[PDB]
Amino acid sequence: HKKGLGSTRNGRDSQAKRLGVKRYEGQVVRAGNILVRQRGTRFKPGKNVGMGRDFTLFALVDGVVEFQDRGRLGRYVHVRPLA
Amino acid sequence: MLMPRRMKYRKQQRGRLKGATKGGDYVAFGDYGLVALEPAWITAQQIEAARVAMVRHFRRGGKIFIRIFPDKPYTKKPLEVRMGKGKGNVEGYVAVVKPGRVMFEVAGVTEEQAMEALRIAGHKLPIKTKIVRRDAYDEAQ
Amino acid sequence: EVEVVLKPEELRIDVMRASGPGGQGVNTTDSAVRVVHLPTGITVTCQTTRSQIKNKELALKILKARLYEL
Amino acid sequence: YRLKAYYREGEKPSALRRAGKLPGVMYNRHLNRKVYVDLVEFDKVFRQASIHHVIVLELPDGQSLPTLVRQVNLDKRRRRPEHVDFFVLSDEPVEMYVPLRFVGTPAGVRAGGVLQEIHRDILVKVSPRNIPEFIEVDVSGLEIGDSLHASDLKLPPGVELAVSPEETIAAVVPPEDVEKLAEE
Amino acid sequence: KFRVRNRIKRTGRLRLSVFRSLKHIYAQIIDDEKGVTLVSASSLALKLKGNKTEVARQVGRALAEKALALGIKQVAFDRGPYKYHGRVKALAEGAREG
Amino acid sequence: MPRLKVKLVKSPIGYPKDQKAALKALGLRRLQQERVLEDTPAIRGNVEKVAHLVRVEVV
RNA sequence: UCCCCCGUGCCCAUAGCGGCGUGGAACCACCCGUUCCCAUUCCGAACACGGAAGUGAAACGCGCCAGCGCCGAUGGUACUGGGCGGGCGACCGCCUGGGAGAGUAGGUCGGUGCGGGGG
RNA sequence: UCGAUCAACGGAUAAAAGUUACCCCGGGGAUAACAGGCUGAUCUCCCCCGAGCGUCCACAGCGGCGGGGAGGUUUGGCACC
RNA sequence: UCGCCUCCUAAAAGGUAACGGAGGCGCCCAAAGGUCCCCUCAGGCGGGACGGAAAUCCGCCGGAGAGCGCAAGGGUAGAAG
RNA sequence: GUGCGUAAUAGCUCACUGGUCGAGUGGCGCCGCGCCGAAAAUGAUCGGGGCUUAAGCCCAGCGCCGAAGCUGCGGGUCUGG
RNA sequence: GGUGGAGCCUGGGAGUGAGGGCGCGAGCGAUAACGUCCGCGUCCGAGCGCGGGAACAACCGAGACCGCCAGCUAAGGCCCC
Ligand SMILES: [Mg+2]
Ligand SMILES: [Mg+2]
Ligand SMILES: [Mg+2]
Ligand SMILES: [Mg+2]
Ligand SMILES: [Mg+2]
Ligand SMILES: [Mg+2]
Ligand SMILES: [Mg+2]
Ligand SMILES: [Mg+2]
Ligand SMILES: [Mg+2]
Ligand SMILES: [Mg+2]
Ligand SMILES: [Mg+2]
Ligand SMILES: [Mg+2]
Ligand SMILES: [Mg+2]
Ligand SMILES: [Mg+2]
Ligand SMILES: [Mg+2]
Ligand SMILES: [Mg+2]
Ligand SMILES: [Mg+2]
Ligand SMILES: [Mg+2]
Ligand SMILES: [Mg+2]
Ligand SMILES: [Mg+2]
Ligand SMILES: [Mg+2]
Ligand SMILES: [Mg+2]
Ligand SMILES: [Mg+2]
Ligand SMILES: [Mg+2]
Ligand SMILES: [Mg+2]
Ligand SMILES: [Mg+2]
Ligand SMILES: [Mg+2]
Ligand SMILES: [Mg+2]
Ligand SMILES: [Mg+2]
Ligand SMILES: [Mg+2]
Ligand SMILES: [Mg+2]
Ligand SMILES: [Mg+2]
Ligand SMILES: [Mg+2]
Ligand SMILES: [Mg+2]
Ligand SMILES: [Mg+2]
Ligand SMILES: [Mg+2]
Ligand SMILES: [Mg+2]
Ligand SMILES: [Mg+2]
Ligand SMILES: [Mg+2]
Ligand SMILES: [Mg+2]
Ligand SMILES: [Mg+2]
Ligand SMILES: [Mg+2]
Ligand SMILES: [Mg+2]
Ligand SMILES: [Mg+2]
Ligand SMILES: [Mg+2]
Ligand SMILES: [Mg+2]
Ligand SMILES: [Mg+2]
Ligand SMILES: [Mg+2]
Ligand SMILES: [Mg+2]
Ligand SMILES: [Mg+2]
Ligand SMILES: [Mg+2]
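Protein chains in written order, with the entry's author numbering: chain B0, 3 to 85; chain BQ, 1 to 141; chain AY, 217 to 286; chain BZ, 3 to 186; chain BS, 11 to 108; chain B3, 1 to 59.
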């Protein structure tokens, strides 16, 4: 005997987004290289770093990524040139 | 019974039971306590039964402290139903207990009454217990 | 008050083999159930469904009735 | 009271504690050493004593020091201690929860009631030479319901506490009446 | 707190910072990323006329001169709570236009 | 420089890939095979990783 | 070098809150006015201009205090890469590396570049 | 640049519902119904605790709330020959 | 039930299943857009004709608990408001 | 007022003290190994026989046995030199 | 560091797209299933070749070119079979 059952109105979920840091400190990059994918401003653009509409962070020059945590001011991603 | 008035979620994942109580290991209230020796899910109907058992024992007497609280929901599918088609329905609530936890406490009661009391309450619990006194159980600072 | 808690303390529940149609299972499963009330002499049966557990409770859902009337 | 104490070189924590010796450390606002003080006398003493009365600590240096225990971490599963913190002293004024006796009979013990001595070991700020004992309170006036509290007590000259004074020190509440049952 | 800090809008280099005072008006061309002041020109703290605005202009050209001497051609205009008006150092020199 | 002489004594059959590679890195193929290597930190790291399968000798 | 004050930066609460004092010679503020530039969903409060009698009262600066806040060991535990054991299970133990979070002692009412004005 | 609930949303035709106990072929123990098996919630039996019933009097006969097991005859779960 | 978005499951990189847990989208805005210039909330407590227990005033206190068109999350007053 | 006992008393008795005896004592609390709790369906059994200061269990030690694993000797083939 | 049936690039030919047990981490389930879904790892699959485990794909030991009436070991064993 198979006694009938119901179901759930659950079952959904949205595609994975692959957010996060893409280049770490001491890593060489080229102009344009996206360095971080984030939703809010989890990281603030630093020296030679841009930020697109979706808060994406990319290198502005060809240099080596560097990270700086500035307490109450936030965390910064800078791109130090070979200067 | 002995459930929580409100909850952000009605059903919740089962989990696990790694030994050590984390917290609740010393007396801190009454004079004698009942400490859990095996890990387990104590159903509110047991917490209840044990409690009533004590007041019943030393009717018109001391004070009782229930140191645990069933805030975890218990799910159970219907009978004769197959697997799947969603999570079961909540059948009650249980308090998770680990080894070392002082589940109950008593006060303003004779040492005879205290012992006898807790000994009966442990006969209503799905686990093994131990009765204690008070001494280093003074984490006042 | 308005109460009648007939505890399954004086009931005799049986489970004979289904009657009527069915298939390779009407002959095999103890579908049909029969709950008996002894201090009264009332008996209620049920083969409405194809499950003993959905029939002993649905057969009890009646004994509660007739009783509250008698 | 008194008690023997030895110096720990920092070797096999969990072992020195199995062999029978109980681990620990003695510190204060100056120096701080690591030691091992056996369960035998420790236990016996510590229970009679507690963290109210001072103790001696004669090491192989003899150097007997006055102290009160600040921290004693149990073993969770099956009560037992694994560590103890020793606060050395002098004439230096510090704190400590001082024992509490409550001579009396609340009016809450004739028609049902029992005393819940909430904070039965009150913390007070004061120096060594200023270390009392059974700091009693009056209970002869605690009605069944309403009950005493705060620092509204007999603080012998020199008792410069650290309460509120509101910190409910104690209260009297009712019994466990068989009369219950419910639902709905 | 009249916060503002609109000066945080400092992406480039060489900040020409002004300071209006009930009495005087100072100004120094600063270069962060090094945390140093390179050129300075005060109001009556460098001694000057008695007006306020007229004094602004004079202490203006003053700085710019001393500036160019060091090769300080272009900069960016500051004074946080500034409110760009009156005491406007609309000075010649300086390749910060404005 | 003081060298190491590790000997594969316990079979790697049943242990993780990495542990089987460490052995490769060291140069151990068969059971009972011995190999004298330099004592550098990079050579120990792997011998530490496979301690349970190797008998080491400082020579 | 060393002091005091004014601009700025870095550290990003050991910088704070709240008490208690100090400072007007210079700086600075508040002040004096609203002709003028410029201003108010209404206000010269705020912005802005011209000033210069008075005050350091408000604000701000500098000191001292730990009540609140913030910081925070040393020990010992939790947990755990890897290796290994006991049970019948839920689970429990050892070895070898790592090692908190609470809590205790205790710390703190700041540190510091650069440029100006005053001894 | 416009016309898609081509929403079964990588979208078969521009255009499409049922029935078979009158049935048929190719396959599957990749998958149901019997029986077995693993499981033992359900089921049956027995035990721990001692509120309370038994005029008195916890077990002569009973046992509130709760706790631990056995068996593998029931109803199921699983889908292993 | 079928496509898309948010959280969890997810084992501190990314990713990760089940008829697992729980909600949203199939729009909207010529100002809700660009830029320049100003301004800073929610609450709590007092004081105020109509006046709730928040209408609008005043005053201390209030580092963000408000707000950000709509779900959730991340972010945010040194502004995205 | 401990238990028995009464319809409530009575009656027996004890915590308790004298007491000849003239010595080890009652307690509680951990630990190692056992006892009970313990009933299923064709003939039983730890694999069998058979084991008890063990042929069981815990803790030390040395020696042997034991694979197609590793050596020794011979041979083949494939790669690199 | 690391010369390994390592890697990287281009191209010819593929099979596979029913997995399974076990350990650890979760969900689902009843902290049921030789259950079911993922994750890390392993082994069987293809090592039903070998020794141990009474017998037994995946547990312990161990990766079988062939030959030997030679030797040392592994797990497991050393009262008799
Ligand atoms: Mg605590
Ligand atoms: Mg039919
Ligand atoms: Mg059937
Ligand atoms: Mg501004
Ligand atoms: Mg193996
Ligand atoms: Mg102002
Ligand atoms: Mg672990
Ligand atoms: Mg630590
Ligand atoms: Mg810490
Ligand atoms: Mg088409
Ligand atoms: Mg599709
Ligand atoms: Mg068609
Ligand atoms: Mg017909
Ligand atoms: Mg025909
Ligand atoms: Mg016909
Ligand atoms: Mg036909
Ligand atoms: Mg056919
Ligand atoms: Mg076939
Ligand atoms: Mg099958
Ligand atoms: Mg079947
Ligand atoms: Mg068969
Ligand atoms: Mg019951
Ligand atoms: Mg059967
Ligand atoms: Mg079945
Ligand atoms: Mg399957
Ligand atoms: Mg992740
Ligand atoms: Mg992860
Ligand atoms: Mg924009
Ligand atoms: Mg605009
Ligand atoms: Mg308000
Ligand atoms: Mg036993
Ligand atoms: Mg041998
Ligand atoms: Mg050869
Ligand atoms: Mg060869
Ligand atoms: Mg290959
Ligand atoms: Mg190819
Ligand atoms: Mg392919
Ligand atoms: Mg598949
Ligand atoms: Mg696989
Ligand atoms: Mg697998
Ligand atoms: Mg399973
Ligand atoms: Mg399976
Ligand atoms: Mg196959
Ligand atoms: Mg293989
Ligand atoms: Mg076979
Ligand atoms: Mg075998
Ligand atoms: Mg085998
Ligand atoms: Mg081989
Ligand atoms: Mg070989
Ligand atoms: Mg044998
Ligand atoms: Mg051996």
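Every residue, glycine too, gets a C-beta built ideally from N, C-alpha and C.
_Burial state of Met3 (chain BQ) (16 or more Cβ within 10 Å)_ = The sequence position of residue 3 (chain BQ) within the second sequence is 3, counting from 1. So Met3 (chain BQ) counts as exposed.
*List the residues of chain BZ that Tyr26 (chain BQ) touches, going by C-beta distances under 9 Å, in chain order.*
Here residue 26 (chain BQ) refers to the residue found at position 26 when the second sequence is read from its first residue. Neighbours of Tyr26 (chain BQ) across chain BZ, judged by C-beta separation under 9 Å: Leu76, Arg81.
*Name the chain BQ residues that come within less than 8 Å of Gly114 (chain BZ), Cβ to Cβ?*
Numbered from its first residue, the fourth sequence carries residue 114 (chain BZ) at position 112. Per Cβ cutoff of 8 Å: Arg60.
_Per-residue contacts from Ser267 (chain AY) into chain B0 (C-beta, under 8 Å)_ = The sequence position of residue 267 (chain AY) within the third sequence is 51, counting from 1. The contacting residues are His3, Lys5.
*Identify the contact partners of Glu178 (chain BZ) in chain BQ, using a Cβ-Cβ distance below 8 Å as the criterion.*
One-based indexing of the fourth sequence puts residue 178 (chain BZ) at position 176. Contact annotation for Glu178 (chain BZ) against chain BQ: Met54, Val55, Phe58, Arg59, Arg60, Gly61, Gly62, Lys63, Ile64 [CB-CB distance below 8 Å, chain order].
*If you draw a straight line from the alpha carbon of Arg11 (chain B0) to that of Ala117 (chain BQ), how long is it in whole angstroms?*
As a first step, residue 11 (chain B0) must be located in the first sequence, where it is residue number 9. As a first step, residue 117 (chain BQ) must be located in the second sequence, where it is residue number 117. Taking the straight line joining both Cα atoms gives about 49 Å.
*Answer yes or no: do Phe104 (chain BZ) and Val141 (chain BZ) have a C-beta to C-beta separation smaller than 7 Å?*
Reading the fourth sequence from its first residue, position 102 is the one you call residue 104 (chain BZ). Reading the fourth sequence from its first residue, position 139 is the one you call residue 141 (chain BZ). The Cβ-Cβ distance between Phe104 (chain BZ) and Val141 (chain BZ) falls below 7 Å.
*So what does DSSP say about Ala77 (chain BS), is it helix, strand or coil?*
The sequence position of residue 77 (chain BS) within the fifth sequence is 67, counting from 1. Correct three-state label for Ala77 (chain BS): helix.
*Compute the distance between the beta-carbons of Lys127 (chain BZ) and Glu97 (chain BZ), then report whether it is under 7 Å.*
Along the fourth sequence, one-based indexing puts residue 127 (chain BZ) at 125. Along the fourth sequence, one-based indexing puts residue 97 (chain BZ) at 95. Yes, the pair counts as a contact, with Cβ atoms nearer than the cut-off.
*Could you give the distance in angstroms between the alpha-carbon of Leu26 (chain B3) and the alpha-carbon of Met1 (chain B3)?*
One-based indexing of the sixth sequence puts residue 26 (chain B3) at position 26. One-based indexing of the sixth sequence puts residue 1 (chain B3) at position 1. Approximately 17 Å, taken between the alpha carbons.
*Using a beta-carbon distance below 7 Å, is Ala117 (chain BQ) in contact with chain BZ?*
In the second sequence, the residue the question calls residue 117 (chain BQ) occupies position 117. No, its Cβ sits nowhere closer than 7 Å to a Cβ of chain BZ.
*Nearest-angstrom Cα distance between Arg25 (chain BS) and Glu43 (chain BS)?*
Indexing the fifth sequence from 1 puts residue 25 (chain BS) at position 15. Indexing the fifth sequence from 1 puts residue 43 (chain BS) at position 33. C-alpha of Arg25 (chain BS) to C-alpha of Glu43 (chain BS): approximately 11 Å in a straight line.
*asked:* According to DSSP, simplified to helix, strand and coil, what is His52 (chain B3)?
replied: Position 52 of the sixth sequence holds residue 52 (chain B3). Of the three classes helix, strand and coil, the one that applies to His52 (chain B3) here is helix, per DSSP.
_Cut-off 7 Å between Cβ atoms - residues of its own chain near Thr69 (chain BZ), not counting five sequence neighbours on either side_ = Counting from 1 along the fourth sequence, the entry for residue 69 (chain BZ) is found at position 67. The beta carbon of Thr69 (chain BZ) sits closer than 7 Å to those of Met28, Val56, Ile57, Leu59, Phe88, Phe89, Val90, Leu91, all from its chain and outside the five residues before and after it, given in chain order.
*Can you tell which of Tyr8 (chain BZ), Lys23 (chain BZ), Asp45 (chain BZ) has the C-alpha that lies nearest to the C-alpha of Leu61 (chain BZ)?*
Looking up residue 61 (chain BZ) in the fourth sequence gives position 59. Answer by Cα proximity: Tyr8 (chain BZ).
*Would you identify the three-state DSSP class for residue 204 (chain BZ), choosing helix, strand or coil?*
In the structure as shown, chain BZ begins at 3 and stops at 186. Residue 204 (chain BZ) is therefore absent and cannot be evaluated.
*asked:* For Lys127 (chain BZ), list the residues DSSP reports as bridge partners.
replied: Along the fourth sequence, one-based indexing puts residue 127 (chain BZ) at 125. In the DSSP assignment, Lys127 (chain BZ) is bridged to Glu162 (chain BZ).
*Would you list, in chain order, the members of the stretch 97-113 of chain BQ that have their beta-carbon closer than 7 Å to a beta-carbon of chain BZ?*
Here the close residues are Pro99, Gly100, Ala107, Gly108.
*Under 8 Å Cβ to Cβ from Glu75 (chain BS), same chain only, skipping five residues before and after it: list those, please.*
Here the question's residue 75 (chain BS) lines up with position 65 in the fifth sequence. Closer than 8 Å at Cβ, skipping near neighbours: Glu103.
_So, at 6 Å on beta carbons, what are the nonlocal neighbours of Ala37 (chain BS) in its own chain, with the 5 sequence-adjacent residues on each side left out?_
Taking the fifth sequence and counting its residues from 1, one reaches residue 37 (chain BS) at position 27. Closer than 6 Å at Cβ, skipping near neighbours: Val28, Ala51, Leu73.
*Start-to-end residues for the beta strand (DSSP E) that takes in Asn89 (chain BQ)*: On the second sequence, position 89 is the one that residue 89 (chain BQ) refers to. The continuous beta strand (DSSP E) containing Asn89 (chain BQ) extends over residues 89-97.
*Look at the alpha carbon of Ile68 (chain BQ) and the alpha carbon of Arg119 (chain BQ), and state the distance between them as a whole number of angstroms.*
Here residue 68 (chain BQ) corresponds to residue number 68 of the second sequence, with the count starting at 1. Here residue 119 (chain BQ) corresponds to residue number 119 of the second sequence, with the count starting at 1. Taking the straight line from one Cα to the other gives about 18 Å.
*Based on the DSSP secondary-structure assignment, which residues constitute the bridge partners of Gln70 (chain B0)?*
Counting from one through the first sequence, the residue named residue 70 (chain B0) turns up at place 68. According to DSSP, which records beta bridges pairwise, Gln70 (chain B0) is partnered with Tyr78 (chain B0).
*Could you tell me whether any Cβ in chain BQ is nearer than 7 Å to the Cβ of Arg20 (chain BZ)?*
Here residue 20 (chain BZ) refers to the residue found at position 18 of the fourth sequence. Chain BQ, which has no Cβ nearer than 7 Å to the Cβ of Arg20 (chain BZ), makes this no.
*Would you list, in chain order, the members of the stretch 88-107 of chain BZ that have their beta-carbon closer than 7 Å to a beta-carbon of chain BQ?*
For the stretch 88-107 of chain BZ, the residues whose beta carbon sits under 7 Å from a beta carbon of chain BQ are, in order, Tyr99.
*Compute the Euclidean distance between the alpha carbons of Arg17 (chain BS) and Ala61 (chain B0), then round it to the nearest angstrom.*
Start at 1 with the first residue of the fifth sequence, and residue 17 (chain BS) comes out as number 7. Start at 1 with the first residue of the first sequence, and residue 61 (chain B0) comes out as number 59. Between the alpha carbons of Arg17 (chain BS) and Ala61 (chain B0) lies a distance of about 23 Å.
*asked:* Contact between the stretch 56-72 of chain BQ and the stretch 168-183 of chain BZ is defined here as three or more beta-carbon pairs at a separation below 8 Å; is this criterion met?
replied: Yes, the stretch 56-72 of chain BQ touches the stretch 168-183 of chain BZ.
*asked:* Please return the same chain residues whose Cβ sits closer than 6 Å to the Cβ of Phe136 (chain BZ), not counting the five positions on each side in sequence.
replied: Residue numbering aside, residue 136 (chain BZ) sits at position 134 when the fourth sequence is read from its first letter. Apart from the 5 residues on each side of it in sequence, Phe136 (chain BZ) sits with its Cβ closer than 6 Å to the Cβ of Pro101, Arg103 in its chain, given in chain order.
*asked:* Run through the DSSP bridge pairs and tell me what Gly33 (chain BQ) is partnered with.
replied: Your numbering for residue 33 (chain BQ) matches position 33 in the second sequence. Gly33 (chain BQ) has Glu105 (chain BQ), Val132 (chain BQ) as its beta-bridge partners, per DSSP.
*When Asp25 (chain BQ), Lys77 (chain BQ), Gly19 (chain BQ), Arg6 (chain BQ) are compared against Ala136 (chain BQ), the one with the closest alpha-carbon*: If you number the second sequence from 1, residue 136 (chain BQ) lands on position 136. Of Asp25 (chain BQ), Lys77 (chain BQ), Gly19 (chain BQ), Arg6 (chain BQ), the residue nearest in Cα terms is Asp25 (chain BQ).
*Compute the distance between the beta-carbons of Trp41 (chain BQ) and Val94 (chain BQ), then report whether it is under 7 Å.*
Sequence index remark: in the second sequence, residue 41 (chain BQ) carries index 41 (1-based). Sequence index remark: in the second sequence, residue 94 (chain BQ) carries index 94 (1-based). The criterion of a C-beta distance shorter than 7 Å is satisfied by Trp41 (chain BQ) and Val94 (chain BQ).
*May I have the straight-line CA-CA distance separating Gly26 (chain BZ) from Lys46 (chain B0), to the nearest angstrom?*
Working through the fourth sequence from its first residue, we reach residue 26 (chain BZ) at position 24. Working through the first sequence from its first residue, we reach residue 46 (chain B0) at position 44. Here the alpha carbon of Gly26 (chain BZ) sits roughly 47 Å from the alpha carbon of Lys46 (chain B0).
*Straight-line CA distance for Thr63 (chain BS) to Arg97 (chain BS)?*
Within the fifth sequence, the letter at position 53 stands for residue 63 (chain BS). Within the fifth sequence, the letter at position 87 stands for residue 97 (chain BS). Between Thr63 (chain BS) and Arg97 (chain BS), the C-alpha separation is close to 5 Å.
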